[PDB]
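Protein chains in written order, with the authors' numbering: chain B, 481 to 490, 493 to 550; chain F, 2 to 50; chain G, 433 to 480; chain U, 5 to 48; chain P, 439 to 559.
Before any comments, here is the structure.
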Amino acid sequence: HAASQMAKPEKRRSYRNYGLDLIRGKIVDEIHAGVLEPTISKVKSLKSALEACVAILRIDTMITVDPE
Amino acid sequence: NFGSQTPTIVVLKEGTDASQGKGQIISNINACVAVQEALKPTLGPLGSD
Amino acid sequence: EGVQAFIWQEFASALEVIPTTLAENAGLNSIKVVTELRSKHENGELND
Amino acid sequence: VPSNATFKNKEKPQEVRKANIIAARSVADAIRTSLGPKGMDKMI
Amino acid sequence: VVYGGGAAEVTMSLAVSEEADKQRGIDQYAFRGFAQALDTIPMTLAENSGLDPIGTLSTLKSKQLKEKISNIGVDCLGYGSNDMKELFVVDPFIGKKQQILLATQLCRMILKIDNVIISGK
């Protein structure tokens, strides 16, 4: 990935779409491995996970009222 | 055979804590950081008591 | 020239809590800002 | 100059007014941190 | 030797407030807090005597600026003649010097206290 940004134009690029294979313990192409995930799943996940962290970082004081 | 109860033998005496799992060594880290929390403001000539 | 005038001196200083709170919540020093606030607001009539 | 005019009695209201100001300023200190764009939310 | 009746605290109060204008900086507000603290003793004497602490302190401050005589102070007995020389009131200097040292050095330790751990009885 660090060499993917510096891979530079000229497909011969490569350096991208690589991931961890936990069974064989090697780094192989995920396209040939048959592992794909929808793009919209990454957009809705990062936006929903951020709103949970934003609301927590903004709480200075917690007030708990005992039930009557 | 001396009774229908037949208790199960426990390796350690009752009252002994547990260990291993996940986070047992992490419990020792948070104990030192919490003690460090009090000594951090006391550092420096402008520090507190 | 009266005891009511001495109370008004504390009334003006009581309103300084709003600009002081803005500096404390932002991490900046309050006195260093107010020192610049008093000098700039003397010539400038507003928007400072 | 002293010993004349009047002497202040029942000074408890002087303490009651102080107890009301101190208790009111204590509430204003928690909300003070929420003032301005740098303020923080209060979860209750 | 010093003269009591609140004349010592007023004399030392205006000397500190004058230095605050020359120093300025971040410590300018520090000398103001120490000058207003010395005036509390003369103002306290006016409370027990049923006087006005504002009118009494304003007279003492205006007297030290007009004339250099430091012997003018609060009179709780109401015999007149605010000059301590005619009223004979005299205090030791070693007694008044310790009042400032014991008060200043104790507040220096109190302001440094942050975490307070108090065990249950």
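Ideal Cβ positions, reconstructed from N, Cα and C, are used throughout, including at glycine.
Endpoints, beta strand (DSSP E) assigned at residue 510 of chain B: 508-511
Who are the neighbours of residue 548 of chain B on chain U, taking C-beta pairs under 7 Å? What residue 548 of chain B touches in chain U: nothing, since even the nearest Cβ is about 13 Å away.
Using 8 Å for Cβ pairs, my map puts residue 509 of chain P next to residue 441 of chain P. What's the rounded Cβ distance? 6 Å
Closer than 8 Å, CB to CB, is residue 32 of chain U near chain B or not? no
Short Cβ contact (8 Å threshold) for residue 528 of chain P with residue 448 of chain P: Taking 8 Å as the Cβ cut-off, residue 528 of chain P and residue 448 of chain P do not qualify as a contacting pair.
Do residue 516 of chain P and residue 6 of chain U have their CB atoms nearer than 8 Å? yes
In or out: residue 473 of chain P buried (at least 16 other Cβ within 10 Å) or exposed? Buried.
Alpha-carbon to alpha-carbon, residue 27 of chain F and residue 21 of chain F: 11 Å
Considering only the alpha carbon of each residue, which of G/452, G/437 and G/441 lies closest to residue 467 of chain G? G/452
Count the C-beta pairs between the region 480-496 of chain P and the region 454-468 of chain P that are closer than 8 Å, then say yes if the count reaches three, no if not. The answer is no - the region 454-468 of chain P does not touch the region 480-496 of chain P, with fewer than three Cβ pairs under 8 Å.
Measure the C-alpha to C-alpha separation of residue 26 of chain U and residue 33 of chain U and round it to an integer number of angstroms. 11 Å
Name the DSSP beta bridge partners of residue 510 of chain P, please? P/521
I need the boundaries of the alpha helix (DSSP H) containing residue 452 of chain G, first residue and last residue. If you look at residue 452 of chain G, you'll find it in the alpha helix (DSSP H) that goes 449-457.
Length of the line joining the Cα atoms of residue 556 of chain P and residue 473 of chain G: Each residue's Cα considered, the two are about 48 Å apart.
Inter-residue Cα distance where the pair is residue 546 of chain B and residue 37 of chain U: 18 Å
State the DSSP-derived secondary structure class of residue 50 of chain U, mapped to helix, strand or coil. Residue numbering for chain U in the displayed model covers 5 to 48; residue 50 of chain U lies beyond these limits and cannot be assessed.
How close, in whole Å, do the beta carbons of residue 488 of chain P and residue 498 of chain P come, if the pair is a contact with beta carbons under 8 Å? Rounded, the Cβ-Cβ distance is 18 Å, inconsistent with contact.
Which value, in whole angstroms, describes the spacing of the CA atoms of residue 452 of chain P and residue 458 of chain P? One Cα belongs to residue 452 of chain P, the other to residue 458 of chain P, and the distance between them is close to 10 Å.
Would you say residue 437 of chain G faces chain U, with C-beta separation under 8 Å as the test? no
For residue 49 of chain F, return the contacting residues in chain P, with the cut-off set at a CB-CB distance below 9 Å. 549, 550, 551, 552 and 553
Please go through the same chain and pick out, in chain order, the residues whose beta-carbon is closer than 8 Å to the beta-carbon of residue 15 of chain F, but skip the five residues on each side of it. none
With 8 Å set as the bound, which would you pick, yes or no: does the beta-carbon of residue 46 of chain F sit closer than that to a beta-carbon of chain P? no
Measure from the C-beta of residue 463 of chain G to each C-beta in chain P and report whether the shortest distance is under 8 Å. Judged by the 8 Å Cβ criterion, residue 463 of chain G is in contact with chain P.
What does the alpha-carbon distance come out to for the pair residue 469 of chain G and residue 464 of chain P? 15 Å
CB contact below 8 Å: residue 46 of chain U versus chain G: Judged by the 8 Å Cβ criterion, residue 46 of chain U is not in contact with chain G.
List the whole-angstrom C-beta distance separating residue 542 of chain B from residue 44 of chain U, where the pair is believed to meet the contact cut-off of C-beta under 8 Å. 4 Å
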